[PDB]
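Results of the structural survey
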Amino acid sequence: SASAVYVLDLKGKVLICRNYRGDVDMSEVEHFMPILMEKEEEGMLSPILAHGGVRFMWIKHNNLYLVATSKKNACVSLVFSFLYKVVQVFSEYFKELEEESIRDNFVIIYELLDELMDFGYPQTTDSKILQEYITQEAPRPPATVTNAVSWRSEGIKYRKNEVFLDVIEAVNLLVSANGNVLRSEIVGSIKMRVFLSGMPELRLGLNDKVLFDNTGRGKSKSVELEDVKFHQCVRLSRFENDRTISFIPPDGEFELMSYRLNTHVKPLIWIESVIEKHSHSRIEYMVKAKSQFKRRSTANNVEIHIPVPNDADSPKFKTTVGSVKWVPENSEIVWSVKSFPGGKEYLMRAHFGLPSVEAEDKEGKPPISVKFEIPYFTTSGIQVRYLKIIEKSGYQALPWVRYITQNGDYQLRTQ
Amino acid sequence: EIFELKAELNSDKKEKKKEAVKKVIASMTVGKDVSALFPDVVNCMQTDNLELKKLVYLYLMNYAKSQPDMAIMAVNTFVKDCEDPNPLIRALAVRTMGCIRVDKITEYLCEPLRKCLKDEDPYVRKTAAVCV
Amino acid sequence: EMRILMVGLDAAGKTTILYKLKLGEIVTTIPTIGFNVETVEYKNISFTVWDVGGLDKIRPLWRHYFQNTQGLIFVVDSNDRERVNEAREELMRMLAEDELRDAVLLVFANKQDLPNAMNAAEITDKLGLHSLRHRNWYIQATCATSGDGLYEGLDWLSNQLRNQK
Amino acid sequence: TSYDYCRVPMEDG
Ligand SMILES: Nc1nc2c(ncn2[C@@H]2O[C@H](COP(=O)(O)OP(=O)(O)OP(=O)(O)O)[C@@H](O)[C@H]2O)c(=O)[nH]1
Ligand SMILES: [Mg+2]
């Protein structure tokens, strides 16, 4: 129950303001950045700032503090998911989100912040449905805003009827400093690109372990879905009954399902390293990179980052495969190898200098974090199986799919 | 300086008052003290255009407490705008009726809100539900 | 092209004859708390009409159209002899301004379908319209549901506006 | 989209 949805600058003046209830006075926005500094410098950097009986919830985009005030007992995750959905809607309109937009596209953004919320309540937050009655180029509102099926306005027609599925692996990993796996989980996300005609219905075929166990085919290759969180479009009770993903799809880009399993198959890229940190002289990185997966796939454009001392100097990089640039902006090396086959080992040996006079504060030990990406390969073993198009017309659509293996936060610890 | 803007506001041409109200809410965006421009932007409100009345509703919302005595001159326009075939302007007038926090105003605002409760198109119904 | 008002005491029929001039209808109208504005394209002159109601709390709210104001129409309510005295005092309170001197007067004798109403000369006697210096005034009998006398007042107004052939 | 797609069966009854 926000009382004023704010967008501030990085200083503390108002880019755009939109109050609803009168519970928070408009003068109360002026205290936000001093409270931010006075709570940030003492370890209490919290998303819920406090000013007497007036609270401050906020998220931080690149140049923007989407501040959301409240005075009573606000439902908090409501307001934060409201603010992230406002961020995603504005990124659907304005492909970048800066101060150049807000102080100049203020014709339409006040109307958006009138539409999204009344008396503190998020009510109509789909981007595509908000497009067809809020334009920057007005009729009656579409009934899709009022209708139960609220993410697909009827009357959409394309000449062909293409549906593109993108299955994205994102391996999260955190290997400890001894050489063992702490956590090998996989956050997978199926992102679909749907161009269909009318009001269709799709039923997705997965090789689920649970659906095969309800059928009687849990002895072939299947995926153990430890948890799945679907989009709003999937009728969840039909999934609760017999693992059935029934949904009226949206138009264009959307995220279908956000699953999260565990997998005790080996890590994809192994990073053994040593650090001979001689004091006040130099440092050595005899790091090796082997791949545990099969010898058929190729890892595109990997970026094996290794954090270095903050004030090192005169780098040398004797490699065998792949370029190095030393990036002192974040004080990191970026060991990049473009074409990376499976099962091979590429060795790299760096060598720096280090200052004589020691620093005032210590530097911290950030982790190695690689940025690999592999197509046509899944570590999970998940395969999509079927996708039925249901339509009163009845036609031949073309469901296309590809398999992407990426990283999530693929960190490996250092010494 | 603002007398020039009030003179643009007291014109009769559409593309003058549209730039006038955009200049008013551009001053209100950075928070320039435009509170003396209340009693004449109330006049340039009953318009056929829709991208303009959202800005005037925005001005009435942001300066409702600011002019507690002059704010009576919107209620007949509210009960006119809550009687339209296009439901968007009705529900817009409804969700602006509720945010105006003046006790002298809310005396006359009950019966059009009652009429907008039992309306057909569910947009204004769910908007009047929040206005309750 | 020229602007005009319709002010006066409440329930005098001014919004009724306003929307009768607009569409040609007698529609349901509440007692007017805020304002009304329409436009009437008559004889190639758009009569921009600004109604301000006559409730007791909104009678001090007349000055905020009196900035940049060209004309005036003061609609009386003939059937209220008790309220015509305070209507005259409100009229003189309006007519005692340094800003309203370009506005000509147009009194519509309204609701002239009852025998309790006065004729178009007795209202002049009750108001004292002969003592109006710098005021081009003109009385006319107007009825709402029939519509007679409205366009005669618009004719006299159009004679006041243009100064040509 | 330099990674090219593959076609899945539609019905799989
Ligand atoms: N019989 C009859 N009744 C009339 C006539 N003209 C006006 N009335 C009555 O007078 C009432 C006046 O209606 P309005 O026009 O809304 O009142 P107003 O003069 O605008 O006063 P406010 O709305 O308060 O500013 C109407 O409801 C009618 O019932 C008429 O010509 N004949
Ligand atoms: Mg009236």
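Calculation notes
- Residues numbered from 1 in each chain as written, not as in the entry; some residues may be left out.
- Chains lettered and ligands numbered in written order.
- Part of a larger assembly, values for the part shown.
- Heavy atoms only, no water.
- Helix = DSSP H or I, 4+ residues; strand = E, 2+ residues; numbered from the N terminus.
- Buried < 20%, exposed > 50% of the residue type's maximum accessible area, 1.4 Å probe, protein only.
- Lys, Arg positive; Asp, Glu negative; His and termini not counted.
- Charge placed at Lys NZ, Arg CZ, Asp CG, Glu CD.
- Rg over C-alpha atoms; globule rule 2.2 N^0.38 Å.
- Contact = heavy atoms within 4.5 Å.
- Areas by Shrake-Rupley, 256 points an atom, 1.4 Å probe, with all protein chains shown as cover.
- Donors = N, O, S within 2.8 Å, 3.2 Å for Na, K, Ca; no water.
- Expected span 1.5 Å × (residues − 1).
- Patch = residues over 30% accessible without salt bridge, like charges linked within 9 Å, V, L, I, M, F, W, Y side chains within 5 Å.
- Salt bridge = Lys/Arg side-chain N within 4 Å of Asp/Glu carboxyl O.
- Buried area = accessible area lost by both parts, 1.4 Å probe.
- Polar contact = N/O pair within 3.5 Å; in protein donor to acceptor, adjacent residues only side chain to side chain.
- Nonpolar A, V, L, I, M, F, W, Y, C, P; charged D, E, K, R; others polar.
- Pairing = 2+ DSSP bridges.
- Core = buried A, V, L, I, M, F, W, Y, C linked by side-chain atoms within 4.5 Å.
- UniProt positions renumbered as here; feature names shortened; annotations may be inferred.

Method of determination, as given in the entry header: cryo-EM; reported resolution: 4.27 Å.

Once that is clear, we can look at the overall build of chain A. Within chain A, the regular secondary structure consists of seven helices and 24 strands. By its C-alpha atoms, chain A is 70 × 65 × 40 Å across when sized along the principal axes. A buried classification covers 48% of the 415 residues belonging to chain A. Measuring between centres, the 53 positive side-chain charges of chain A sit 10 Å from its 54 negative side-chain charges.

Scanning chain C from terminus to terminus reveals four helices and six strands. When the helices and strands of chain C are listed from N to C terminus, the series reads β-α-β-β-β-α-β-α-β-α. Relative to a compact globule of 165 residues, whose C-alpha radius of gyration would be 15 Å, chain C shows 15 Å and is just as compact. Split into buried and exposed, the 165 residues of chain C put 54% on the buried side. By sequence separation, contacts in chain C at least 24 residues apart represent 73% of the contacts at least 6 residues apart. As displayed, chain C offers around 8,500 Å² of accessible surface, 47% of which is attributable to carbon and sulfur atoms. Of the charged side chains in chain C, 19 are positive and 23 negative; the average position of the first set lies 3 Å away from that of the second.

All names here are of chain C. Bound to the magnesium ion (ligand 2) are the protein donor atoms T15 (OG1) and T32 (OG1), situated 2.4 to 2.6 Å from the metal. In this pair, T15 sits in helix α1 (residues 14–22) while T32 sits in the loop between α1 and β2 (35–42), placing the two residues 17 residues apart along the sequence. With relative accessibility at 8%, the residue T15 sits in the buried group. In this structure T32 comes out as buried when scored by relative accessible area, which is 7%.

Residue and element names in this part refer to chain C. Taking 1.5 Å of rise per residue, the twelve residues of helix α4 (residues 150–161) would be expected to cover 16 Å, and the 16 Å separating its terminal C-alpha atoms lies within 8% of that figure. All buried positions along α4 are accounted for by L150, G153, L154, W156, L157 and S158. Next to the buried residues of α4 lie β1 (3–6), α1, β2, β3 (45–52), β5 (107–110) and β6 (139–142).

This part covers the environment of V86(A). Residue and element names in this part refer to chain A. Assignment of secondary structure puts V86 in helix α2 (residues 76–93). For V86, a relative accessible area of 3% gives the class buried. Remark: the alpha-carbon pair of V86 and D23, spanning 63 residues in sequence, is separated by 21 Å. Beyond its immediate sequence surroundings of up to four residues, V86 is in contact with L66 and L116.

The next thing to look at is a positive patch on the surface. Residues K221(A), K266(A), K294(A) and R296(A) make up a contiguous surface patch of positive charge. Looking at the secondary structure, you find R296(A) in the loop between β15 (284–291) and β16 (298–307).

On to the arrangement of the chains, then. Counting contacts across all three pairs of chains that touch, the top-ranked interface belongs to chains A and B. One finds no contact between chain A and chain C; the C-alpha atoms of the two approach each other to within 21 Å at their closest. The two units chain C and chain D remain apart, with a minimum C-alpha distance of 57 Å.

Listed by partner, the interface residues are ten residues for chain D and 22 residues for chain A. For the pairing of chain D and chain A, the buried interface totals around 1,600 Å² over both sides, and the portion due to carbon and sulfur atoms is 59%. When residues of chain D are sorted by the area they lose upon contact with chain A, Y3(D), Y5(D) and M10(D) head the list and together hold 51% of the total. Applying the counting rule to chain D against chain A returns one salt bridge. Counting every contact that joins chain D to chain A gives four residue pairs in polar contact. Counted by class, the side of chain D that touches chain A contains six nonpolar, no polar and four charged residues. Both strand β24 (residues 398–412) of chain A and strand β1 (residues 6–7) of chain D contribute to a ladder of two bridges, which runs antiparallel. When the bridges of β1(D) are listed, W400(A) appears paired with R7(D).

The subject of this paragraph is the nonpolar core. Residues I109(A) and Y59(B) are the most contacted members of the largest nonpolar core, which totals 115 residues. Looking at this core, the element that brings in the most residues is α2(A), giving nine residues. If sequence neighbours within four positions are ignored, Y59(B) has contacts with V24(B), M28(B), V34(B), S35(B), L37(B), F38(B) and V41(B). Formed by 68 residues, the second largest nonpolar core is a distinct cluster that contains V171(A), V175(A), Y285(A) and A299(A).

Before going further, it helps to spend a moment on the UniProt feature "domain: MHD" in chain A. Those places that UniProt annotates as "domain: MHD" correspond, in this numbering, to residues 160–413 of chain A. Secondary structure across residues 160–413 of chain A divides into 6% helix and 51% strand, with the first and last C-alpha atoms of the span separated by 50 Å.

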